[PDB]
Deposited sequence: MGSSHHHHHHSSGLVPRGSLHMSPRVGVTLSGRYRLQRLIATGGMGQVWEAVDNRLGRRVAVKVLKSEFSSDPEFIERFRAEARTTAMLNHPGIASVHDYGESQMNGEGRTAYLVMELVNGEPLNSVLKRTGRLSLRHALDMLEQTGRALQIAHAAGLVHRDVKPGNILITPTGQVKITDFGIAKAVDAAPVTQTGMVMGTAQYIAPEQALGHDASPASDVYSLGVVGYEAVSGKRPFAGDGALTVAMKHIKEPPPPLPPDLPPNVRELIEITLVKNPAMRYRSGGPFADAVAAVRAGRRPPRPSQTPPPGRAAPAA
């Protein structure tokens, strides 16, 4: 769609915020409530296909099950036909753009935003859900330092391949924990663990190859925590975002990260 488009005679679009996996994120107005909201609309070509509509209907129902200030909230879902998902409008920048300008984040910043993400993901984990795509691009950062987990689009290309779980790369809530570890690694050092020219290389590295060592400037408790999340076996790592967030909180207090 374009700027002047009023979805179902209520949601008048304004600015195009981003262009995600299958849908476009839009800055919009609710004519009934008179408030600014974010609207996710399916791309012109995907709006015609029923496999892309039933994948988008799933994102709506999944996100609406979650209630946490660390999860971009869902208000509505409609079809005008253009399938749209009405959400909480967040004044933030993705961790994608943050780490591009800053390289890495300070020990205080990284561990605050890691626990924030774990406490956010545990809400999704306790409901029996798995995000399946935890990456800086799906983590929004407001100027007040608040994390907002977005895009549950594939909840059960090189983008997902850079932080993919080894079991997923082969064919669970431990996977979101794993991915967040890879996210943590990049945020604490300023360079991803597995890196290559292609997507299939980075994904194959995640299975057979062991993660490269972290810089020695990093404390032992932070180093250990990244290594417990980055194990090939999904049993040898934290079964959910919560036990992980609990282990992040220990490293924040000066303590060691526990064994799951």
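In this chain, the deposited residues that lack C-alpha positions fall in the ranges 1 to 23, 104 to 109, 186 to 197, 213 to 215, 305 to 317.
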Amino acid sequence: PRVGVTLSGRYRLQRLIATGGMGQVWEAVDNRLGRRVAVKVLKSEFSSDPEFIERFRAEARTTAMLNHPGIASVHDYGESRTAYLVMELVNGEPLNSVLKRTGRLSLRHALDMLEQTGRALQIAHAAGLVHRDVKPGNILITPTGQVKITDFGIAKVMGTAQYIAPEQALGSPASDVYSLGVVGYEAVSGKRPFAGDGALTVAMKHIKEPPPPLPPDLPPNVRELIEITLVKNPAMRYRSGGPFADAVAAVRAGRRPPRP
From here on, numbers count along this sequence of modelled residues.
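In this entry, 218 to 226 shows the higher mean Cα temperature factor of the pair 218 to 226 and 27 to 35. Relative to its counterpart among 83 to 91 and 106 to 114, 106 to 114 has the higher mean temperature factor, C-alpha atoms as listed in the PDB entry. Among all modelled residues in its chain, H68 ranks in the lowest third by Cα B-factor. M204: CA B factor lies in the highest third for its chain, per the PDB record. In the deposited entry, the Cα temperature factor of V147 places it in the lowest third of its chain's modelled residues. The entry lists a Cα temperature factor for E186 that places it in the middle third of the chain's modelled residues. Split the chain's modelled residues into thirds by C-alpha temperature factor. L13 is in the lowest one.
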